[PDB]
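**Q** Those protein sequences? They're chains B and H, same order as listed. Those letters in the first sequence? Residues 7 to 240, per PDB author numbering, in order. Those letters in the second sequence? Residues 1 to 138, per PDB author numbering, in order. Quick reminder that beta carbons are idealized off the backbone N, C-alpha and C, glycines included.
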Amino acid sequence: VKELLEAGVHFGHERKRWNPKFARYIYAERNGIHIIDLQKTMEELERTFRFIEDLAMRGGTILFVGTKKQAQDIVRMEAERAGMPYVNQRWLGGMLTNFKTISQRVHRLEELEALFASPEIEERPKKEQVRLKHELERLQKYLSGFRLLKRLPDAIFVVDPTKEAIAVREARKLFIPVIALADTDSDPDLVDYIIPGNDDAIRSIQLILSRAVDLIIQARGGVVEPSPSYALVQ
Amino acid sequence: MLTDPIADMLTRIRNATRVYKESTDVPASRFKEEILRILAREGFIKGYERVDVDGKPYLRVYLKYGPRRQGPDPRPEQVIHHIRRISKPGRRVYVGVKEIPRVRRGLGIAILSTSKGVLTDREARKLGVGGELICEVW
RNA sequence: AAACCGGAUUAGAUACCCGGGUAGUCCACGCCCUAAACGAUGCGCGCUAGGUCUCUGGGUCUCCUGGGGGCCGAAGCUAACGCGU
RNA sequence: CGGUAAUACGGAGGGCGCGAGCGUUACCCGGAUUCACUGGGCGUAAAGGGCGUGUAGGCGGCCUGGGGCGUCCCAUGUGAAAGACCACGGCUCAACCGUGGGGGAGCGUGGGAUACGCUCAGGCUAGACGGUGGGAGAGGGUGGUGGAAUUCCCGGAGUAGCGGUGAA
Ligand SMILES: [Mg+2]
Ligand SMILES: [Mg+2]
Numbered sequence: 007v008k009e010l011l012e013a014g015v016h017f018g019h020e021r022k023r024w025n026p027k028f029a030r031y032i033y034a035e036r037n038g039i040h041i042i043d044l045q046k047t048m049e050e051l052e053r054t055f056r057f058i059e060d061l062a063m064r065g066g067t068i069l070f071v072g073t074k075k076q077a078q079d080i081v082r083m084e085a086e087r088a089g090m091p092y093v094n095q096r097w098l099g100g101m102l103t104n105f106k107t108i109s110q111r112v113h114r115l116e117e118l119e120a121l122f123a124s125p126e127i128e129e130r131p132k133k134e135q136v137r138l139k140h141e142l143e144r145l146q147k148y149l150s151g152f153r154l155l156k157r158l159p160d161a162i163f164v165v166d167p168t169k170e171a172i173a174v175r176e177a178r179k180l181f182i183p184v185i186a187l188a189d190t191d192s193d194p195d196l197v198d199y200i201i202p203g204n205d206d207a208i209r210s211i212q213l214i215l216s217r218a219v220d221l222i223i224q225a226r227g228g229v230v231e232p233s234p235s236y237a238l239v240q
Numbered sequence: 001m002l003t004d005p006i007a008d009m010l011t012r013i014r015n016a017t018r019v020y021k022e023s024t025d026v027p028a029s030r031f032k033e034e035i036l037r038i039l040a041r042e043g044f045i046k047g048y049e050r051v052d053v054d055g056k057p058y059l060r061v062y063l064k065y066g067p068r069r070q071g072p073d074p075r076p077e078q079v080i081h082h083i084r085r086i087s088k089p090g091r092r093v094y095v096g097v098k099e100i101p102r103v104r105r106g107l108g109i110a111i112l113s114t115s116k117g118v119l120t121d122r123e124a125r126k127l128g129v130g131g132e133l134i135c136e137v138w
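(1) Return helix, strand or coil for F122/B, following the three-state DSSP convention.
(2) Given a threshold of 16 other Cβ atoms within 10 Å of its Cβ, counted over all protein chains shown, does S115/H qualify as buried or as exposed?
(3) I want to verify the contact list: residues of chain H whose CB lies under 7 Å from the CB of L196/B, in sequence order.
(4) What are the complete alpha helix (DSSP H) segments, minimum 4 residues, inside the segment 180-237 of chain B?
(5) Mind checking which residues open and close the alpha helix (DSSP H) that includes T47/B?
(6) Could you check where the alpha helix (DSSP H) with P5/H kicks off and where it finishes?
(7) Along the alpha helix (DSSP H) that carries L36/H, what are the first and last residues, could you check?
(8) Which two residues bound the contiguous alpha helix (DSSP H) that contains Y148/B?
(9) Who are the neighbours of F181/B on chain H, taking C-beta pairs under 8 Å?
(10) Which residues of the segment 38-56 of chain B have a Cβ closer than 8 Å to any Cβ of chain H? Give them in chain order.
(11) Could you say which of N25/B, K132/B, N204/B and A77/B lies nearest to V239/B if we only look at CA atoms?
(12) Using a cut-off of 7 Å between C-beta atoms, extract the partners of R178/B located in chain H.
(13) Pick from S216/B, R111/B, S235/B and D206/B: whose alpha carbon is nearest that of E20/B?
(14) In the DSSP assignment, find the unbroken alpha helix (DSSP H) run with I111/H in it and report its ends.
(15) Residues in the same chain with beta-carbon distance under 7 Å from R178/B, minus the five sequence neighbours each way, listed in chain order, please.
(16) When DSSP labels each residue in this structure, what does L11/B get in the three-state scheme?
(17) Our contact map puts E50/B next to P202/B with C-beta atoms below 8 Å; I'd like the distance itself, whole angstroms only.
(18) Start and end of the alpha helix (DSSP H) containing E134/B?
(19) If the criterion is Cβ atoms closer than 8 Å, does the pair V71/B and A218/B meet it?
(20) What residue does the beta strand (DSSP E) around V164/B start on, and which one ends it?
(21) Using a Cβ-Cβ cut-off of 8 Å, state whether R175/B counts as contacting chain H.
(22) Tell me the rounded alpha-carbon separation between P167/B and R41/H.
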């Protein structure tokens, strides 16, 4: 189910904060706003999903990023709802590019997995039960979706690339294909497979980002429900 | 007044390609056309056609690029890397056939105007005539 | 208010501060022709994303479209600082 | 470089380089795209004229026709020898020399081309100028006039200081 499902509540977004490189994917300045030509949305979807498919059934790992305010959660849903890695709270200087080092944080996160369930089940110089169980605190918060990922992904999926630029940069540096949902905010030129959409409305992120995860599990057989995601959707 | 029309064209073209435009008008002249023909034939432009704008004769020039590109900065290679005026109203430049230049060991062109018409350098060399050395292009 | 005449200050003070004061500052006419006379950026024309503030025209007056003044800054340029319809 | 540990001075051992030579000085080109034609620059490095007006000059939109000056092409004459370059030769080699061959711009003559530049003749309206109608402006010149303030002068009322400074 696609087509008018998109016009559902998810077409055009921002106005007069545009990138004129995005002028190709626009329908009009109707009532002050940029409303985004959907025929070409759909157009780009086929090519993009086509890439996802092939990538997925060839057994690839996509890396999902959405640190954005109201995308935050509907990421770690569909990301985990497909066993793919995700970056949720904040992108870090050189997850990809400084990958080896940023990994020793995960290498050392699960050292503390294995100190919870431990012979030190309740022991070690008692003020070290915040000193270390608050190290695992931060480690937890950030590397929760990143922890799976043990070689660079074969792709990345991004919700707002002008928001998420520090990532996309690393991607392109590393020849890693950039998949993203992008609106009039953004610079198409450096998004390899674009979902000309709406970086913002939670429904729009949902419709799109879930289907893409359908396609992913569905390209290893075993489709499920209407997705464990409708947040407080409101 | 616009003092070197042919400079103009080369420049319009140089300019439009570095922002990867699909096309550029240039106000039309028979001579301009003759140069375009070469560009087209030598495979530098897709092609060109006459058109009007505000009802005055122009020449739409359809430009041509490489494929989308590797890593950070996906900008296509240029097909027209270099397009430069040689002869100019300030200083006219003429060559005998024995002294027509060879552009980038042949991987490039030099449009050049003769009394046997406008020609690439190999063209001119073959018909053993020289003339006004218009521009190089590689 | 240069100069200059005094009062302070100071190691001294041909200065800074204070009290006076002529040329000059003003006008007309005739000279002089200089400057950090600066955007330290000669003049004209064509081409090359945009955003926002502003002065002044026109339109079918959300806006669109000329001509000035600004800032941010595509592409690009620059030793850098910056420049950037 | 040298101020008491000098691979930099002087000497010595050793070493590098060239060799009937080796160094020095002078002068020329080079590198020096450091006068930049090839091949440079001028916001802050040196460099935009204080600004205009416009003389000579330089440069000149689109179309068509003539001419063929520039420009291009073919032929031809000229470009002595030496030298240069290539060959093969003579002095035992080489230097030196002989013989032969091949370059060659520039200019003259004859013939040809006409795209671009030039020129003559026609044509267009995209540059420029003009017309009608509207606008904003501390743009300039001349005359006139307004209020605030300072200074002096005259009158009133009024008493012992005012002024000025970091303090005086
Ligand atoms: Mg220089
Ligand atoms: Mg200077």
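**A** On the basis of the data shown:
(1) helix
(2) exposed
(3) Within chain H, the residues near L196/B are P74.
(4) You should have 208-223.
(5) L44 to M63
(6) Run containing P5/H: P5 to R18, per the alpha helix (DSSP H) assignment.
(7) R30 to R41
(8) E141 to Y148
(9) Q70 and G71
(10) none
(11) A77/B
(12) Correct list: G71 and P72.
(13) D206/B
(14) No alpha helix (DSSP H) contains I111/H, which DSSP labels as neither H nor E.
(15) Cβ neighbours of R178/B beyond the five flanking positions: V184 and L196.
(16) helix
(17) 5 Å
(18) Where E134/B is concerned, the enclosing alpha helix (DSSP H) stretches over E134 to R137.
(19) no
(20) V164/B -> beta strand (DSSP E) spans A161 to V164.
(21) yes
(22) 41 Å
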